[PDB]
Amino acid sequence: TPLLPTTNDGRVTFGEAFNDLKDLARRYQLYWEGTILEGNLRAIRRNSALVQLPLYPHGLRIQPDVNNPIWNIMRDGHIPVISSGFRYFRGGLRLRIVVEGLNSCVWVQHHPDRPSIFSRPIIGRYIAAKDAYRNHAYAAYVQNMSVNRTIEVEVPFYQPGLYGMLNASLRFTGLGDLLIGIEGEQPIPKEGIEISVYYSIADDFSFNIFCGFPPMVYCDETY
Amino acid sequence: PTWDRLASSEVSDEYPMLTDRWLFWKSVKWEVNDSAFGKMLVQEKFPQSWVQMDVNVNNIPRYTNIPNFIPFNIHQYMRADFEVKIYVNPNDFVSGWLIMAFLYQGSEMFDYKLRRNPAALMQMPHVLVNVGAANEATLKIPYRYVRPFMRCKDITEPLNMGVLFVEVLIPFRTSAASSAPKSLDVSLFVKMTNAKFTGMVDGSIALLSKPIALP
Amino acid sequence: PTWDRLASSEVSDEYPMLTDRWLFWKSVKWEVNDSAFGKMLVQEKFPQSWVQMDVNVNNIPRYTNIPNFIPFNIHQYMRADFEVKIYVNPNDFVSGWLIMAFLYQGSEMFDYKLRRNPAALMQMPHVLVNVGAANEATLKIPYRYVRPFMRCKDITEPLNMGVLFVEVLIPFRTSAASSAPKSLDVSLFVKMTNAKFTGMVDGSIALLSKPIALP
Amino acid sequence: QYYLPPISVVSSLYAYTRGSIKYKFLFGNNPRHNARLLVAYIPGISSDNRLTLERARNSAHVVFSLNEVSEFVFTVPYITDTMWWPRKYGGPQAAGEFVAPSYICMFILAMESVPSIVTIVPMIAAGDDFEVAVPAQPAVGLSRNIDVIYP
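Residues numbered from 1 in each chain as written, not as in the entry; some residues may be left out. Chains lettered and ligands numbered in written order. Part of a larger assembly, values for the part shown. Heavy atoms only, no water. Residues with missing side-chain atoms left out of burial classes, pairs and counts.

For this deposited structure, the header cites cryo-EM as the method used and 3.42 Å as the resolution.

K.L.:
Just to check I follow, could you spell out the overall build of chain B for this structure?
P.N.:
Scanning chain B for helices and strands turns up 3 helices and 11 strands. Its helices and strands in sequence order give chain B the pattern β-β-α-α-β-β-β-α-β-β-β-β-β-β, from N to C terminus. The C-alpha atoms of chain B give a radius of gyration of 19 Å, which matches the 17 Å a tight globule of 215 residues would have. (Helix = DSSP H or I, 4+ residues; strand = E, 2+ residues; numbered from the N terminus. Rg over C-alpha atoms; globule rule 2.2 N^0.38 Å.)

K.L.:
Help me out: how do you make sense of the pairing of strand β2 (residues 49-55) of chain A in this one?
P.N.:
Looking along a regular strand, one sees the side chains alternate between the two faces of the sheet. Residue and element names in this part refer to chain A. With respect to burial, β2 is a largely interior element, 7 of its 7 residues being buried. The pairing of β2 with strand β10 (residues 175-182) spans 5 bridges and is antiparallel. Paired with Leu53 across the bridge in β10 is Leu178. (Buried < 20%, exposed > 50% of the residue type's maximum accessible area, 1.4 Å probe, protein only. Pairing = 2+ DSSP bridges.)

K.L.:
Sorry if this is basic, but what is going on with the packing of aromatic side chains here?
P.N.:
Working definition: an aromatic ring pair is given by the centre-to-centre distance plus the angle between the planes. One pass over the structure, following the stated rule, counts 40 aromatic pairs over all chains. Each ring, one from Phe86 of chain A and one from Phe210 of chain A, has its centre 5.6 Å from the other, and the planes form 65°; the classification is edge-to-face. With a relative accessible area of 16%, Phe86 of chain A lands in the buried category. Centroid distance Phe89 of chain A to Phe157 of chain A: 5.8 Å. Interplanar angle 80°. Geometry classified as edge-to-face. Here the residue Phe89 of chain A occupies a position in strand β3 (residues 88-89), and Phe157 of chain A occupies one in the loop between β8 (150-155) and β9 (164-165), the gap between them amounting to 68 residues. One exposure class covers both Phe89 of chain A and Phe157 of chain A, and it is buried. Among the aromatic side chains, those forming a connected cluster through ring pairs are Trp25, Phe46, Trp50, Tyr63, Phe69, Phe72, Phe82, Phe102, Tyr104 and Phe197 of chain B. (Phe/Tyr/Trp six-rings, centres within 6.5 Å; stacked < 30°, edge-to-face > 60°.)

K.L.:
What's the story with the interface of chain D and chain B in this structure? I'm lost.
P.N.:
It is common to report an interface's size as the accessible area lost on association of the parts. Each partner contributes to the interface: chain D provides 16 residues, whereas chain B provides 21 residues. Each residue belonging to the side of chain D that touches chain B can be placed in one class, and the counts come to 8 nonpolar, 4 polar and 4 charged. (Contact = heavy atoms within 4.5 Å. Nonpolar A, V, L, I, M, F, W, Y, C, P; charged D, E, K, R; others polar.)

K.L.:
Explain the environment of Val76 of chain D here, please?
P.N.:
All names here are of chain D. With respect to the element layout, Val76 can be found in strand β5 (residues 71-76). What makes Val76 buried here is its relative accessible area of 7%. Separated by 53 residues in sequence, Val76 and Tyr23 have C-alpha atoms that sit 8.0 Å apart.

K.L.:
Help me understand the sheet that holds β8 of chain A, please; the structure alone is not making it clear to me.
P.N.:
Strand pairing in a sheet takes place through backbone hydrogen bonds and is either antiparallel or parallel in direction. Residues and elements named next belong to chain A. Read across the open sheet, the 4 strands follow the order β1-β11-β4-β8; overall the sheet is antiparallel. Taken across any chain shown, the strands that pair with only one partner, and hence form the sheet edges, are β1 (29-36) and β8. When strand polarity is set aside, the average angle formed by the axes of neighbouring strands in this sheet is 20°. Judged from the 8 bridges that link them, strand β4 (residues 93-100) and strand β11 (residues 193-201) form a sheet pairing that is antiparallel. Within β11, the residue paired with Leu93 across the bridge is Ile201. (Axes fitted to C-alpha atoms, helices over the stretch in contact; angles between N-to-C directions.)

K.L.:
I tried to follow the interface of chain B and chain A on my own but got confused; where do I start?
P.N.:
Listed per partner, the contact involves 17 residues of chain B and 19 residues of chain A. For the pair chain B and chain A, the two sides together bury roughly 1,700 Å², of which 62% comes from carbon and sulfur. Taken as a group, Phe110, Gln123 and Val146 of chain B account for 29% of the area that chain B buries against chain A, more than any other trio of residues on that side. On the surface where chain B and chain A come into contact, there are 1 salt bridge. Among the salt bridges present, the one from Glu108 of chain B reaches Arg87 of chain A, with a minimum N-O distance of 3.7 Å. Remark: the boundary between chain B and chain A carries 9 residue pairs in polar contact. (Buried area = accessible area lost by both parts, 1.4 Å probe. Salt bridge = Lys/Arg side-chain N within 4 Å of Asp/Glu carboxyl O. Polar contact = N/O pair within 3.5 Å; in protein donor to acceptor, adjacent residues only side chain to side chain.)

Structure follows, in structure tokens:
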């Protein structure tokens, strides 16, 4: 048969190329979002952790529920879908943590030597005894929330294997917990605080051995 | 400068005289009467099930008895490329198809049980086997694992690099008469391509255990 | 054109990585109180007793456990030169002498029991060991046998190429006081120089048996 | 309060590690005594329940004559399945759920003018090819103030 003349993956009609799934995975998408109320948090709380957020390239295990419907009807973004087709990865993440309703300082620490214990995030008090406060000498980043309410951080791949496991369930499979916390005495307002975490792939990231995609569901029959 | 050399200072022990030949492993028999779409003939942790294919009376695998698995007895770390040949025996009056694919470290994915369906097996590296021609078909499985070396004995579960599947792509179908068979025979030959063993110890310094099966 | 090549068409399997190093074998303890002229500390069929030094709970030797005897498990014919080092541990306040000699296929001579006397041992290839200096002494035992290859397993009595002797040339003599010892320790190290195995089979195709002792 | 070696303190400041470790032994005998010692190391076993003088005589071992020097240096290399090893007293896993990447053991094989008791003092330093990886929460702290407040 005859072949259809090329447009260079779209550079001829639109202005740009679209030849890599790695490039679509570099556009941020919602990683996790939730609220933390004052009682839900810890009692003697002066330099303490607020969320312990396990870092997976394939995203968290989405709980679809009524009070935030981005997960019910959109399911998970383009990044969990592209990730399910591959077995391993070797890179870091890029995050954007937008923590609302808090006015002082928000330290963010990365614990690269921690096992991948949970598939959900741990809120407030329940955070384990040894991640409950800011540690020393871990890569951290403090941002005053009055100056800017958006934290842009890149988590590196600090982990000893040839790969990190995608599609997971020592157990050193990935790039361990990220920790978000307040830096001083604060008034935790009524209606708590909202944290939104967006993530994407970093420039030194990869997807490696392509097995098949798992069976999918269609968005169009969610209602 | 390759990353297997960045895990072990001791050089590798390579005995090609007693490895690197086609070894027989299992033969499996599939029926006309329970051959449907997506029937699992072979679902094994590979190469764990091949290397531990020889069992005791109390059912602990012993590396000692096959001259091919003689280095698996005296080392603790090992790395090697594999090839699985599948032979089915040609009966002319039947027809059916087999699909054999390998899933790197399959057993620990959260969606493992969903990836057994033979539709999903046509996306991983696979081969197809008829009963007419296309009797033999050889797969190829390079070493791809989280760490540059696999453990050879317990303390859990040594030598589990993946999962090998053999499923019914087109059901085993027969003529309606008595000279037709009720089953066929499917034989799986293995061999190792780049076998590097390291961490040479004694035997009886580590143990094996009765091996566990995939669900 | 040498006569080991005139017994076996298959070439020899030589694994120097897992043979050809000093292996420990036995340690024996001789007393002041029963050390006379011509006392036999070690009287073994060699290299049968060295290679079968590892025994079961039911007392059948298993080649599988020492990485040195791994080829003795999977072949049936073998040929190799040996060296026996003897170490005694230097205690300064005693004196005595050991004579170690090897008797090629000694156990089947009609006059075997007459050749044990240490006067006769000074005529076969031997070495002398003191407790002061001359602690270590290495014997050398080239392969000399009726047939160009030795059998490795039973069906009688594999690997019996000779007899190794260790006897008391000058009795173990002490000072008359309590700070003096009652015994010493004598350790026998072996190694193989030109190890050629042939007739590669499985394991579990031939058996070993509980080994018999020289009278 | 622990008098950790220089290698231990530096490795409490990092997340991974790899490379050979040197042991230096010092024997408090005097030439009258004699004995032998088998120092061997076994690369993949983490608990001493299973090893004995004939199982450990099949690993990489040196037999030390107990009179050739007082100071004997024995280097156990780095033989593992992985390229970096986590520390035992920081993260990751559960303290006593740990597996070191080898074991070192010392096996055996009485005058009245000489002291009965021979004392051995072991010294430990990192080998020439030793490296540390990621900065992490120090597993240790200064004993300047050894007071503490248990929950």
